[PDB]
Amino acid sequence: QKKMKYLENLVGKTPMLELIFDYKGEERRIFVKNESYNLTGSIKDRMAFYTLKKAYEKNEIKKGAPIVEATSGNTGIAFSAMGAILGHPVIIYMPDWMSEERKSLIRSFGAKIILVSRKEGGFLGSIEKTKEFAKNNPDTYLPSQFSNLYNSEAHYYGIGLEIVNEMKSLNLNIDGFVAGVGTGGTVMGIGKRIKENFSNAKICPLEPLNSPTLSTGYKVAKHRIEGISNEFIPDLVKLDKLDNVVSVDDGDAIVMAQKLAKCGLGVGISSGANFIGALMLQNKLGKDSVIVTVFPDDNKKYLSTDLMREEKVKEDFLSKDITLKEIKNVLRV
Amino acid sequence: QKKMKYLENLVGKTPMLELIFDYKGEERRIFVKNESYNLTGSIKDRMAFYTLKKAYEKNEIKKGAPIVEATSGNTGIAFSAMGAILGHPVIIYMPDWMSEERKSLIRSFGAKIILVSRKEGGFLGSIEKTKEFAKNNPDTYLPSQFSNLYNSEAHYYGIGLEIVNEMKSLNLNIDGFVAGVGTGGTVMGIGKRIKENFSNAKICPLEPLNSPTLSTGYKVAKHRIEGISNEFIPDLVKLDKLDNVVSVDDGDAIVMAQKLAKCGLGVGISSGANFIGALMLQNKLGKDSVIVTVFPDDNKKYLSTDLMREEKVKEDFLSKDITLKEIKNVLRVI
Ligand SMILES: C=C(/N=C/c1c(COP(=O)(O)O)cnc(C)c1O)C(=O)O
Ligand SMILES: C=C(/N=C/c1c(COP(=O)(O)O)cnc(C)c1O)C(=O)O
């Protein structure tokens, strides 16, 4: 309680960057939150902390109860660290094709990690195994990130608020916001906050072009944008209450992430995707529209992946016409 | 200059943690700066930013000039990122037995990474190659971290000042400070700041027991505490102006780092070493003495190392009598 007050100093309050770049070849800018500046290096720390703090406040978790979750990586890492801080055993189910770094990290935080193959049902299968564990261990706390409102609320109260306060400090109206969807907590929570302040802002969820599950409603394929598009549309995301889906090719996302690293911003693959997405929305709203996005994590968990290999440029990539020019401002509140 | 003012928001202002633990039935606490909360994830971001900012101010670097450095990893990473932001090519020479993650990261930031074997002279060899590059290429900027006062100054003006302000806000006098030595910038700079505010504080440099270069003045051996004890005593560190050397076994450092990760603090190997060193100093000064240290980076670059394997506990390890109890406070002045 008092504890929860000081433990919040481990999450959030991250830099907002103004990134200037040339696009075929007009001067453009985009605003981005750098979420590596967090306990375990991702935006998910804000959500795990908020989720457990509220669960404590509402008596939904007992002391020493296991926390059990299914993850693409970061949320598992986040609950493993914060659970260990708060004295909980943590058990994480994760698909076996997520980066090796994610598995090692979860184990380093003292959690039990159970990998789940395509054969055992992947993401939906991971989720079912968490529920089977809860049935067989009735003290279990299930954060239920793919459906729990605490997830979107974390970002309404945390990062979304920082974003509205920071843009207001620059006397800029927010015209749009883009984020890749895994659970949708990011887009929904930030979206809610932004729209209460700017009722015409466009809030766009993002998907891989290779696995366009949101825009089609059903299509699922392999893609390399780790963390988003986890083989189903999560209950938390409400596509009818968001603006149009933005779709980015996973190679375009990679190239963009590589370029961001060569201007000093070592980001994960979904950060590259978000950057491209923000540009796509800016292209629709006007070259000077004020678009915000987020960089969910750094590049450290992606050294084993195609982020570190040469990616073939295709004719429809936006990245090929982008030259990053400068970090034009950094705010930290 | 206006640029340097806003770019500083990418470094520093990191959490100070109060960590409570049991050591032989006594309740102990130790204060630690969590330096993962930085541009590239390490304390070295503060130093690279400071070094280049001052170099710019004093006209010691030209626009587009190459920044060339020899590193155990983090400082190379830090200069690579900050150099890229400021429009500089970066060239890094690094021994080939540093973690693979370090090499990939430096490249990811667009720097040229040249690896240097034990046969080619290791760290001193890496340093010589930076100087040969500068002699061949006359507008080369050499941050020269093993000897440049800007390095210790970074920490005098940055992290050392945060530490003094934070401990003063808790009404606590600082009795000691411990940090592993690579360049010595951390210990010298923080030490200077702490001693100006607490003239009786002990400032102790730390080394690996397995490669006790500081306390012997000569011995060099293989050890796994990446980032410290880089095969020589750096000119920057002044052992005669510091308090006694603290030596930690690299297995003991590993176990301590593993334990920290199991209480939610995913830290590098030198962070484990520093925690043990703080305890050793506390043991000498008094169970209640106020000891401060730093955790230079997270565990992400160490997934390929013994940090992720089972370490054999030896009888002389301090880690084996430590039980972490809780994160008792976190301060953050942003
Ligand atoms: C679903 C998860 N992650 C989402 C994620 C996302 C998508 O954010 P939301 O899950 O809040 O939609 C974007 N980028 C990265 C690196 C991510 O790790 C998870 O870690 O379980
Ligand atoms: C010599 C360097 N590293 C220092 C370092 C140190 C030693 O810090 P000082 O250089 O300030 O002594 C401790 N821990 C870690 C993880 C480090 O990377 C360098 O990164 O090149």
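Protein sequence lines correspond, in order, to chains B and A.
PDB author numbering puts the first residue of the first sequence at 3, with every later residue one more than the last.
PDB author numbering puts the first residue of the second sequence at 3, with every later residue one more than the last.
Cβ coordinates follow ideal geometry from the N, Cα and C atoms, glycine included.
CB-CB under 6 Å to residue i, same chain, minus the five flanking residues each way: which ones, in chain order?
i, result
"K330 (chain A)", "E20, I22"
"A57 (chain B)", "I63"
"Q284 (chain A)", "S291, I293"
"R30 (chain A)", "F23"
"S149 (chain A)", "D237, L238"
"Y152 (chain B)", "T53, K56"
"residue 351 (chain A)", "For residue 351 (chain A) there is no data in the structure shown, the boundaries of chain A being 3 and 336."
Could you tell me which of the options sits nearest to residue i, measuring between CA atoms?
i, options, result
"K133 (chain B)", "B:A72, B:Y158, B:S154, B:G123", "B:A72"
"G14 (chain A)", "A:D318, A:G27, A:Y52", "A:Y52"
"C206 (chain A)", "A:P214, A:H225, A:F179, A:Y220", "A:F179"
"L333 (chain B)", "B:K65, B:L126, B:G229, B:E164", "B:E164"
"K316 (chain B)", "B:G219, B:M258, B:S82, B:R120", "B:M258"
"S119 (chain B)", "B:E103, B:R109, B:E10, B:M96", "B:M96"
"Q260 (chain A)", "A:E209, A:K314, A:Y143", "A:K314"
"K204 (chain B)", "B:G279, B:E233, B:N139", "B:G279"
"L262 (chain B)", "B:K240, B:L287, B:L117, B:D299", "B:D299"
"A275 (chain A)", "A:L208, A:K302, A:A223", "A:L208"
"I235 (chain A)", "A:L281, A:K286, A:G182", "A:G182"
"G75 (chain A)", "A:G288, A:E312, A:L326, A:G270", "A:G270"
"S106 (chain A)", "B:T325, B:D252, B:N301", "B:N301"
"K7 (chain A)", "A:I116, A:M100, A:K55, A:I161", "A:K55"
"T295 (chain B)", "B:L12, B:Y25, B:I108, B:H157", "B:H157"
"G160 (chain B)", "B:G288, B:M282, B:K46, B:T325", "B:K46"
"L174 (chain A)", "A:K5, A:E59, A:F33", "A:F33"
"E59 (chain B)", "B:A83, B:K5, B:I87", "B:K5"
"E37 (chain B)", "A:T77, A:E328, A:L12", "A:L12"
"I256 (chain B)", "B:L281, B:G219, B:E312, B:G288", "B:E312"
Beta carbon of residue i: closer than 7 Å to some heavy atom of ligand 2?
i, result
"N76 (chain A)", "yes"
"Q260 (chain A)", "no"
"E228 (chain A)", "yes"
"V247 (chain A)", "no"
"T73 (chain A)", "yes"
"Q147 (chain A)", "yes"
"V183 (chain A)", "yes"
"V180 (chain B)", "no"
Any heavy atom of ligand 1 closer than 7 Å to the beta-carbon of residue i?
i, result
"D299 (chain B)", "yes"
"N232 (chain B)", "yes"
"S44 (chain B)", "yes"
"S272 (chain B)", "yes"
"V189 (chain B)", "yes"
"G186 (chain B)", "yes"
Per DSSP, residue i is paired with what?
i, result
"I93 (chain A)", "A:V70, A:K114"
"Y143 (chain B)", "B:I69"
"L163 (chain A)", "Per DSSP, none; premise fails for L163 (chain A)."
"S149 (chain A)", "None, per the DSSP bridge assignment."
"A181 (chain A)", "A:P207"
"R31 (chain A)", "A:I22"
"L333 (chain A)", "A:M18"
"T325 (chain B)", "B:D24"
"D299 (chain A)", "A:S44"
"residue 341 (chain B)", "There is simply no residue 341 (chain B) to check, as chain B begins at 3 and stops at 335 in what is shown."
"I235 (chain A)", "None, per the DSSP bridge assignment."
"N36 (chain A)", "A:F297"
"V13 (chain B)", "Per DSSP, none; premise fails for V13 (chain B)."
"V315 (chain A)", "Answer by DSSP bridge pairing: none, since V315 (chain A) is not bridged."
Who are the near neighbours of residue i in its chain, counting only those whose CB is closer than 8 Å to its CB and skipping five residues on each side?
i, result
"residue 373 (chain B)", "Nothing about residue 373 (chain B) can be reported from this structure: the residues present for chain B run from 3 to 335 only."
"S101 (chain A)", "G75, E228, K303, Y304, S306, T307"
With a CB to CB cut of under 7 Å and the five nearest residues on each side skipped, what residues in its chain are close to residue i?
i, result
"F135 (chain A)", "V70, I93, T142"
"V166 (chain B)", "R195, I196, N199"
"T42 (chain B)", "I79, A80, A83"
"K170 (chain B)", "none"
"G89 (chain B)", "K65, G66"
Counting pairs of beta carbons, one from the stretch 188–205 of chain A and one from the stretch 307–322 of chain A, are three or more of them closer than 8 Å? no
Within 8 Å, do at least three Cβ pairs link the stretch 193–205 of chain B to the stretch 47–62 of chain B? no
The stretch 227–246 of chain A contacting the stretch 320–328 of chain A, beta-carbon criterion three pairs below 8 Å: no
Given 8 Å, three or more beta-carbon pairs between the stretch 263–275 of chain B and the stretch 103–123 of chain A: yes
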